[PDB]
Structures are given as C-alpha cells and as structure tokens.
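Sequence lines, in order, name chains H, U, C, V, Z, X and G.
For the first sequence, the numbering used here begins at 1 and goes up steadily by one.
For the second sequence, the numbering used here begins at 1001 and goes up steadily by one.
For the third sequence, the numbering used here begins at 2001 and goes up steadily by one.
For the fourth sequence, the numbering used here begins at 3001 and goes up steadily by one.
For the fifth sequence, the numbering used here begins at 4001 and goes up steadily by one.
For the sixth sequence, the numbering used here begins at 5001 and goes up steadily by one.
For the seventh sequence, the numbering used here begins at 6001 and goes up steadily by one.
Built from N, CA and C at the ideal position, the CB exists for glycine as well.
Scroll down for the structure; my scribbles are underneath it.
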Amino acid sequence: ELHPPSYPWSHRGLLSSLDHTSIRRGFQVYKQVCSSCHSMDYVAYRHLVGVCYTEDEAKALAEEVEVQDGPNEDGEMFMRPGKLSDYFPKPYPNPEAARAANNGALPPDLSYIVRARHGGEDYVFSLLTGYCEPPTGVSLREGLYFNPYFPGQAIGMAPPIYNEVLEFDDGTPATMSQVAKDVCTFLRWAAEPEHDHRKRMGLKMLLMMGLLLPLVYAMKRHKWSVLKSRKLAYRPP
Amino acid sequence: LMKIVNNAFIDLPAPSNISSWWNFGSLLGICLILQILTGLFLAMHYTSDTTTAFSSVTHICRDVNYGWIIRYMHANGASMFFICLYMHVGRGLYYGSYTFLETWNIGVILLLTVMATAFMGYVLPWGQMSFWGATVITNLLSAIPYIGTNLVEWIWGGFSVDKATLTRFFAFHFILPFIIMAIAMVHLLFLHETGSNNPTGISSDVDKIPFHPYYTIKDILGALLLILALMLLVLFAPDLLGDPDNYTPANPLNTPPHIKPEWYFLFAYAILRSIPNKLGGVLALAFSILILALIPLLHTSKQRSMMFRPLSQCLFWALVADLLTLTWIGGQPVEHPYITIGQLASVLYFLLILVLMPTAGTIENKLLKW
Amino acid sequence: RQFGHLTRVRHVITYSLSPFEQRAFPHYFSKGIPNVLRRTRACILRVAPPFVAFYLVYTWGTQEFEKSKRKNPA
Amino acid sequence: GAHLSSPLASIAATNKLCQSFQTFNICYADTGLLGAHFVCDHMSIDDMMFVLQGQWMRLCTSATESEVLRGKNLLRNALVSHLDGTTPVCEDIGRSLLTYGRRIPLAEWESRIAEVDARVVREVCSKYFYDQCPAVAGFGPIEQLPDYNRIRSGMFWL
Amino acid sequence: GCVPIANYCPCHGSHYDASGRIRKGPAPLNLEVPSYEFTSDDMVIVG
Amino acid sequence: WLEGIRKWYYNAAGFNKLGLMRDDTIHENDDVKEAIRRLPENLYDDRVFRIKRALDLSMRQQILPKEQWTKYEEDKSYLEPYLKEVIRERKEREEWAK
Amino acid sequence: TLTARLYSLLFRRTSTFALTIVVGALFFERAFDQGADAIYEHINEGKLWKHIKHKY
Ligand code: HEC
Ligand code: HEM
Ligand code: HEM
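Shown next as structure tokens:
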C-alpha cells in the first residue's frame, strides 16, 4: 500500500464548506475528459442547481447531448435532447464494452468512489500527480502504466490529465494541479450533495446541545440536591 | 386502569448509590425506538431487488428532503447501540448482575438476536462487503458434517447468494426489533420481582427510592449524550465506522484485498480466524458468547461486586485489553506478527473467565476466612 | 413489590432540605476536584496497565508488521 | 362516615385509609404555621397526601361559594363555643393583649368574616399553599412516605 | 473463500498453476473441481 | 510471612473506608437470609446504619475521614456463629434425606 | 429582581407557563436561524451561491 498525505482543503474544517466556484470549473473537466469512459449513473444535471449552475444554463447542456428515451408509437425507440431530469450520459451501454475499449480493464464509476476508497480526495489528487518513470527492475505490459498510489503499482490508466489539455470558462490556469483540485472537489460533492447543509445542522446542534447540556445537568443536580445534602444519625437507647 | 402497571416506570423502588453507568441500561430503549423509528421511515424507499437496491439507497441520500441523514442516524446509530451493550454487560460482571440467573440468560438471547439481526442489516445495500460479508460468515455453517451444505444452500435460496438471499433477510431484519421490543418487557419483568443491583452488590432494600424525578431526567441526560455522540458522528464523521467499500456496487467476480465485517464482530471474528482448523474455532465462537450463560455457575466469592474485590479488577480490566485487542487484531489481516497474538488472545479470553475469576473468590474467601 | 413491606428499620433519623434552599453546584471546583483525584488514585493502578500494554502491543504489532513487508538483503 | 361534607373525610371513612387527622393555624409574631397532622398505616400514606394536596389546589382555584358558607358558619360556632365560661375568655384576652394589641370584640370578628368570599380564598391559598416550600415530618413506618420533591411536584395542579 | 486471480489467492497470495493446483500459500487444497460432462468437443455441461 | 497481607488486602478492598465491616458485604442467598433474620435487634439495627450511610456516600463517591475508618483488629466476626449454625442444619437436612 | 417579578407573572400558573414557551420559542426561532446562517456565511465568505448570485 501507500498512504496519501492529509492535504488541506477549503472544506477540511469541521465547519468548512466547498468552494462552489471550484466546483463550477470542476464540472467542465468531467464532460471534456472523464465522460468518455466513466459512467456516473447516480447524478443528473438538476442536482447542479443551487451548486454550480442555474436552471437555464445547466439546461443548455441537456439540450447539448442526445439521450435514448421514448417508445415511438411505431413501437421503436429514438434519440432526443435530454433535460434536467435526465441523468448523465452513460459513456458505454455496458461494462464489457469498456473492457473492450481498454486493455481488458474496466473504469469504475466515480459517483461514490471517493467515499469508497481510503483517504478519498487525497488518494485521488495524489493519484494523478503520482505519475513518474517506472523504477529500475520493473516491467509492464502495454496499456498498463505506473502509479505508486494504486494497489500493485500497476494500472491500465492512460494518463488523462496534463498541463494545457483544455481551457476553462473564466480563464484560470489549466495546470495539471488546479484542474486536479476542482475535480476532487467535484467528486466529494458527488457522494455528498449535503455538505452545505450537513455543517448547518453541524452548527445548530452545538449551540443547542452545548446550551441544553448544562441546563439539564443542573436540573439533574437540582433534584438530586436533596440527597447530595442528606444527613443521618442513629439514636437507639 | 392500565395506570397501575406503568408505576414500574414512575413509582418503582430503586437504589440511591447509582452511578452514571445505568444511564446505559435505558438508552437501549431509546436506541431501539429511535433506530426502529429511523429505519421504518427509512424503508419507505428501500427496495428488495438486486437491480435497484443499491440505487434505492441513492434514491435517499440525494433526492429525499433531509432523508440522507436517516441513513446515518440509523446506521451509525447501530454502532452507538453496541457501544451501550459492552458498557451495559461488562458492568454486570464488574458489579455482579449475573447472579440474577433468570435475567442474565435473557440478556444473552437479545445479543444473539441482535448480532444475527445486524448481520442482516449491513448486507442490504450490496456494498461489495455486504456480499462477501454474508458469504464468509454464512459459509462457515458448511463446517458441520452431513447437514452444513444443506442449511447453507437452504438459506442461500439456491447454491450461492442471490436476490433470493436478500428479501429473506429484509423481512427477517425488519421484524426482530419488534420481537426484541416485547422481550425487552420480559427482560424487565423478571427484574420487577427483585429490582436492580447496586455497584456494591449489597441488597439495598432499606434505601429504595422513587423514580419519576430522579432517574428519569438522569436517563434523559444520558440520552442527550447519546444524541450528542450520535449527532456528532453523522454530522462530522459518518464515514468513520461504516467501511468505505460498502458504497461500492456488488460484484461476485472481484473481492477486495482485505476483508473485514463491521468493527463490532471483530473481537469474535478474530477468535475464529485464529484457528487454522475450520470447525475447531466455530464452536469456540458461540462458546465465547454463550459462556455468559455459563458464568453464573462460577460466582465463587460469597461477595457479589468487584468494587470490593481488588484482584478481580486486575483481571477484569485485563479482559478489556483482550477484547479491544481482538477488535483491532480482527480487523487486520493474516500475517505472522498478528497470528502469534490471536493464538494467545483467544486463549486468554477463555482463560481469564474460566480459571482466574473463579480462582479469585476461592482465594478472597480464604483471605478473609469464609 | 413496592414500598411498605420490604424490611425493618429502627432508630434512624433522616434530615434533608428543599432544592430551592440551596445552590445546585456548591463546592464543585472547591471540593469536587480532590474527590476526582481521590477517585482516580484508587482505580488507575488496576485499569491502566492493561491499556499500557495495549499501547505497546499496538506499537510493536505495527513495527514488526512494518518490517516484514520491507525486503531482506537477498 | 360516607355522608360527611369534607371530601377528604368521606374518603377516609370510605376506604378506612387513616385513623385520625387534624389541621391548625399557629400564629407567631411575623409568621405562623399552616398545615395539618394526620395518622395512618404504612400502606396508605401516599394516597392521603395525594388527596390532601388534591384539596388545597382545589381551593386555590375552584372554591364553591356554598362550601365557603359551610366554613364561615363553622368558625362562628368555633370561637363562640370556644368561649364557654371565663377561663377561655382570659386565654384570648391575655393572648390578644400581647399579639393584636387591643382585644377584638366578637361583632368585629363577624364583620371581617362577612367580607369574605371565594374571590378572597383563591388569592390567599394561591399565596401560601401554591408552589411554596413546605415543611414535613414523620415518626413511624414511613416506608411509603414520598420524597419532598414529589410532594412539591404534587403541590401545583397541572 | 475469496476470488483467486488468474496468473492466485490475492488476499493471501497463494500461488496456483494455470490448472489451479496450489504451489505456495495458506490454501490447503488444490481448488475445487466440479463434476461435469462434455456433450461434444465444443460444449459443456458443468455439474 | 502471611498476616501482614490480610491486613493489607483488607485496606485495598476499600470497604473499611465506608464505615463497613466484613460481614456486611456478603452475598445474599436463602442460607443467609435465615441467619440475618435470626439476628438480635441491638446488633441488627447496628447493621443498617453502617450500610445506610455507606450507600449515601457511594452516591456521592465520597468516603469518611481517616478516623472513622474501620480497623482490621475491630473487624468483628459477629455473623459467623449464626451462619455456620445454619449450614450445620442444611447438610443435616440433605444427607438425612439421602 | 427580574427573576422574582418574572415568577409571579408567567412561571406561576401552568396555563400561563406553556404560553411563554411557544411564544418565546417562535421569537427564538426567528433569531437562531439568522444567527447561524450569517455566521456560516461569515466563515465561508466568497464560496456560496449568494456571493455569486449576482454574476448570473
Ligand atoms: C482513457 C479513458 C479514461 C480517462 C479519460 C479517465 N479514466 Fe480513470 N480509469 C480508466 C480506466 C480504464 C481505469 C481502470 C483502472 C484499473 O483497471 O485498475 C480507470 C481508473 C480510475 C479510477 C479508479 C481508482 C481506484 O482507486 O480504483 C479512478 C478514481 C479514475 N480512473 C478517475 C479518473 C480521473 C480523476 C480522470 C481524469 C484526471 C479519469 N479517470 C480519466 C479510464 C479513464
Ligand atoms: C437492532 C436492529 C438493527 C440493526 C442492528 C440494523 C443494522 C443495519 C445497519 C448497520 C445498516 C447500515 C447500512 C448502511 O449504513 O448503508 C442497516 C440498514 C438498513 N436498515 Fe437495518 N438494522 C436494524 C434495524 C432495522 C429496522 C428496525 C429497520 C426498519 C424499521 C431497518 C431497515 C433497514 C434498511 C431498509 C436498511 C438499508 C439502508 C442502508 O443500507 O443504508 N433496520 N441496518
Ligand atoms: C434491547 C436490549 C435491552 C434492553 C431494552 C434492556 C433493558 C434494561 C434496563 C432498562 C435495565 C435496568 C437499568 C440498569 O439495570 O442499569 C436492565 C438491566 C439489566 N440488563 Fe438490560 N437491556 C437490554 C439488553 C441487555 C443485555 C444484552 C444484557 C446482557 C447480559 C442485559 C442484562 C441486564 C441485566 C443483568 C440487568 C440487571 C441490572 C442489575 O443487575 O442491576 N440487558 N436492562
């Protein structure tokens, strides 16, 4: 194994939230890069509302991609422009096609991959940025590559990311690093659409329970005070 | 006039030297009702089909209005549940509840009811540890000769785990808390003829007091700590105990490199994993649990408690090392630095219970001449 | 069972006061803290040393396991 | 027995809970003592108190005018029948002339009472029974005797 | 009771053949051969 | 040497710090309920006040001052005469029935 | 004192007692949410929607 470090974040703090601006560029990445071979099936464009995009804007992406829906009255099926209810475009219809599109290897889903891998983000960010030349005395089949963070240090992961592989909207640098930041910020949101709200109840709880707990502890000590101050004696003849 | 039976929770005699430990004795009533209450609303959107169950969980955590909390108030609630028990039960040893033979046995049947229940609760979402978590444990029942293959295939609904295995648990799992809900009353009934049992172990009949002002709020104070320690985890570290892998979809054609069920088996699972033999450890497993029914024939001291048996405390807190060790040693893999431990720790468990705690009272009686 | 027919008592007096006529937390810091320490000094010696070894066995359990995966000179 | 007027007394005769009880009103300079004394067996204490407090809260809140006229006409025959002779007369005199200052004539005791109605009682009992910090005592098999906290929690209706 | 990998019990590292016979590992036996029959040179009845 | 230990272990139990005795900490079975029931009032009542106060202090986790503590030499064996008397009748009750 | 004058008015009678609570609780609700949210905004300034709710 290899243990990733504890890289800080804009959300590591126990009352820290996600930089939604970072998410906004993060979603660009999945569509331009990862959506060719990663099947995020547990998400739709509508969940991006109130998070990174708006109704009409995100809907513009549903108009962009075609989706297989609707039994025609002829008895056949067709393609339409998607909508906000529609989940993401699945790259490939089944897993086996993905194994066929690769060197026998499968891409996992990326919906809950963060919470389904030790370290979560810090694994992933260091995974992409852990590519290096293989060491001496190592050999690998074609298609496989080297990355220390992956178990076995042997993976059919083509390098997906590199500096100036694409460009973003507002125009921030398309480095291998900043891109790697927004994307891991993006995936944590995948398996946690509640982060913005978890901390909110994360905070309401304390200033109640921190406030009640003395009072109940007093009402306890209030009633018990009869016995916390009770004396006795023994007066037979 | 069903108002006279509810005096046992209002106007009941009970002692006055009572610690904060016995908060835990009633939190289960709060864990159980809460857990049921949570899970019941939770199953409003569960589905008992392989093709949709894992997704049907995702139907909750994403699309339901504040339902995502309910996955964790329930799930990690089940961890806080067990945290009560092994603080509820080791109590009875450190204080001597176990002389109440009619009650102590009831305290076992709950545990096997639950630990076989919870085993059916981790498996529903098809986490890739659900499957193998159900495979390994259930596979062991093939250890028996001439029937092991039958009952296992019989419970698998075939020759291996499948959709048919799932639904058969979901009903067996949605139900037993209600069976516990009534057995809870039974567990309090045999109590009611004798009442509670102080830390000193002395029959405190002279100093039994009311219940509505004093221990009610005291339990509520504990429930607050429970809800606190529960609200903390769900809000701040819900991924802590619930292993990461269980968010993976199920696939029989691939395993993780490391297997472990949920943390709470691990004191027990390690005992089996210690034994290289298959069957030779299985009977030790349930024996490790069912020893509790066998302890009260080993109350050697004509005292009761252990606040007044200092040597017992030297052993008792040593037992906790073994459990908390087997907890950790269980959740770690099979290699030479760890096998050497469980081959001892397993024996230590049976050893501390059946040799040295009896040996104490046989001595402590002699140290004070009776 | 209830109050009334438990046992016998003779020549015993009980004094006690309302809660309202006394502070809830008097002498909490002033008197409690020694009593905490006194409660501590009677229990630590029969509770800690198991956990002391646990911390060590938890230590050596990793180090030996840590070395074993590291290679040998051959 | 059952036919009596005090609801407390009727129940005590009905189920034979107690054997005797009395009330009082002591007067000292800036204070006194209001309360009662009752006498029962160890398997009946809790219920008498529950009924007893059940009467005080009743008068703090719900005091029937006709029931007031009962007691107004009790107290007249009390002080008068108390004053049957000479020695009781000089008990009052030698006592009033250290406490009240003057003596109070009986025509004055009456006029004070005639001002009374249930509006007054609901103010007074609310002032001295309701939610106060009572004083308790007991000498005997008090095994059933509840705690001062429960007793006070039984002091205020609702 | 886990899944060995072909060219091998990963969670214990138990070296097998392509035929599946154990060479090295905690695995006590060579793996389970089920009963079967070949109707022809291109089809199978596994059982 | 032995006798130093009985005094020592007697101090480590702690019940000499709560004004209690050896006999008071006994487990209760039917054999002993008889014996307790057989005890005289002058001594029986003296059992309860020892117990009754130790409870109130176990509530607080408090103890008594060093002077009030119990001494080993005063750890009277007031109960053993009544006790072994009983089991002398128990064993006769059984072996005679055999 | 404020404590005593409070007692005679509200906490004395039970029918009055519950009146204070839901009333104050209602007025308490309006404040507690405003206290938390602003602080949650105060911490994570320049991160939330309402701080980008003007660009679009
Ligand atoms: C060229 C197609 C392709 C692209 C583009 C791609 N992936 Fe991969 N991904 C794969 C394949 C194939 C695997 C299989 C790895 C294996 O079999 O071990 C994989 C594996 C993974 C895993 C599994 C890690 C684990 O612990 O199991 C993650 C996470 C992942 N990719 C994320 C990403 C990220 C992040 C990017 C963009 C930086 C990306 N993918 C772009 C094809 C791709
Ligand atoms: C002692 C009683 C129970 C135990 C030990 C237990 C155990 C568990 C656990 C640990 C989970 C976690 C699954 C996860 O986090 O993903 C779970 C899930 C679940 N529980 Fe139970 N449970 C109990 C009672 C109940 C009850 C009373 C209900 C319904 C009333 C219920 C219905 C469910 C359902 C539908 C799930 C699937 C949710 C999920 O997997 O996330 N369980 N159970
Ligand atoms: C849902 C499960 C359970 C419920 C609802 C429950 C309920 C209770 C309650 C309310 C008490 C009184 C509180 C106290 O004594 O401190 C109690 C005591 C006790 N419990 Fe539990 N309990 C449960 C599980 C168990 C288990 C698993 C055991 C295992 C041994 C057990 C054994 C005992 C014993 C021996 C007592 C006696 C207390 C004494 O001796 O003073 N109970 N139980």
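Proximity test, residue i beta-carbon vs ligand 3 heavy atom, cut-off 8 Å
i         : result
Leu1188/U : yes
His1088/U : yes
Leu1085/U : yes
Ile1180/U : yes
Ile1217/U : no
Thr1255/U : no
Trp1021/U : yes
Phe1316/U : no
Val1005/U : no
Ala1184/U : yes
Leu1226/U : no
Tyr1095/U : yes
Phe1119/U : no
Beta-ladder partner(s) of residue i, from DSSP
i              : result
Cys4009/Z      : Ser4014/Z
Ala3036/V      : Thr3023/V
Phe78/H        : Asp69/H
residue 1372/U : Any answer about residue 1372/U is impossible in this case: the structure gives chain U only from 1001 up to 1370.
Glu4037/Z      : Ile4045/Z
Check: residue i C-beta below 8 Å from any heavy atom of ligand 2
i         : result
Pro1261/U : no
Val5032/X : no
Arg5090/X : no
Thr172/H  : no
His1059/U : no
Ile1109/U : no
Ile1036/U : yes
N-terminal and C-terminal residue of the beta strand (DSSP E) that residue i is part of
i         : result
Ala233/H  : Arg230 to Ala233
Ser2016/C : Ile2013 to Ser2016
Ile4022/Z : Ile4022 to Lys4024
Residue i, enclosing alpha helix (DSSP H) - first and last residue
i              : result
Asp6037/G      : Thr6014 to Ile6043
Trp1154/U      : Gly1148 to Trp1156
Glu3091/V      : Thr3087 to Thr3099
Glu2064/C      : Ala2048 to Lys2069
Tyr1215/U      : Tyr1214 to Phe1236
residue 6071/G : Residue 6071/G is absent from the model: chain G starts at 6001 and stops at 6056.
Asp5056/X      : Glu5041 to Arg5060
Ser3126/V      : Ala3118 to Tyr3128
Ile1363/U      : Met1357 to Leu1367
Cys1314/U      : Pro1310 to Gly1330
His20/H        : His20 to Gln32
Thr1340/U      : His1336 to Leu1351
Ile3151/V      : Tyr3148 to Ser3153
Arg5093/X      : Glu5080 to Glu5095
Distance cut-off 8 Å: residue i Cβ against heavy atoms of ligand 1
i         : result
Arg117/H  : yes
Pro107/H  : yes
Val124/H  : yes
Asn94/H   : no
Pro1244/U : no
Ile113/H  : yes
CB contact below 9 Å: residue i versus chain D
i         : result
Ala6036/G : Note that chain D does not occur in the displayed structure, where the protein chains are H, U, C, V, Z, X and G.
Output the residue ranges of the alpha helix (DSSP H) runs that lie fully inside the stretch 1239-1278 of chain U and measure 4 residues or longer, sorted by chain position.
1266-1274
Would you mind listing the beta strand (DSSP E) stretches within the stretch 74-146 of chain H that are 3+ residues and don't spill past its ends, in chain order?
77-81
Give, in chain order, every unbroken run of the alpha helix (DSSP H) that is at least 4 residues long and sits entirely within the stretch 1094-1160 of chain U.
1101-1104, 1106-1117, 1130-1139 and 1148-1156
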